[PDB]
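The data below hold one chain only, encoded as structure tokens and taken in the form deposited in one PDB entry.
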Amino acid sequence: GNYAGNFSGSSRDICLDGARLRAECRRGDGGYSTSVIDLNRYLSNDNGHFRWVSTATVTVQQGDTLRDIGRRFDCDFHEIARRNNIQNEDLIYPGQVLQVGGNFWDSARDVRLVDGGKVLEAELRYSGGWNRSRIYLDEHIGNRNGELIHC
């Protein structure tokens, strides 16, 4: 059951510039592109752990709670309230639009690449401390004719 991405096998000089991934990627025509993808768009900090959640919006329905929405979308409900400036996490409303996903960077430090560029490592804030977390970029990062892409 192969990873969907697999960028690393056709790239080199893989590096970071903030939350941005940069690589020299192999093209269809045999040449190279230098390409960048913002990992802050696709990676979230789920209370101390990298999670593949793309930046997005969800609309609250009758009967939803923040725990429910956090459950449904692999997000930490305390982050959803903080990110959406919800002072009372027990009070949300049908039709409320909430920003979810991405954003790992603003709760991360010691961000770096290990294992030849295949893995992203970082200390991620959780409620109570900092947790060293690692994620296989190849899971969802692909090279598409010289362009780093999410898939």
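Between two forms, the rigid core is the largest collection of C-alphas that superpose within 1.5 Å. Only residues modelled in both forms are compared. Don't overthink the numbering: it's just position in the shown sequence, from 1.
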query	finding
Higher-scoring stretch by recorded Cα B factor average, 82 to 90 or 107 to 115	82 to 90
Relative C-alpha B-factor of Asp17, binned into the chain's lowest, middle or highest third	highest
B-factor third for the C-alpha atom of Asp46 within its chain	lowest
B-factor third for the C-alpha atom of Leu66 within its chain	middle
Chain-wide C-alpha B factor ranking for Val36, given as lowest, middle or highest third	lowest
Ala122, C-alpha B-factor rank within chain (lowest, middle or highest third)	middle
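Absent from the display: the form deposited in another entry. The rest refers to it.
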query: Core-superposed C-alpha of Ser33 shifting 2 Å or more between the shown form and the other one; finding: no
query: Rigid core superposition, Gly116 Cα moves 2 angstroms or more between the shown form and the other one; finding: no
query: Exceeds or equals 2 Å, Cα of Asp90 between the shown form and the other one, core fit; finding: yes
query: Rigid-core superposition between the shown form and the other one, with residue runs of at least 3 whose C-alphas all shift by 2 Å or more; finding: 59 to 96
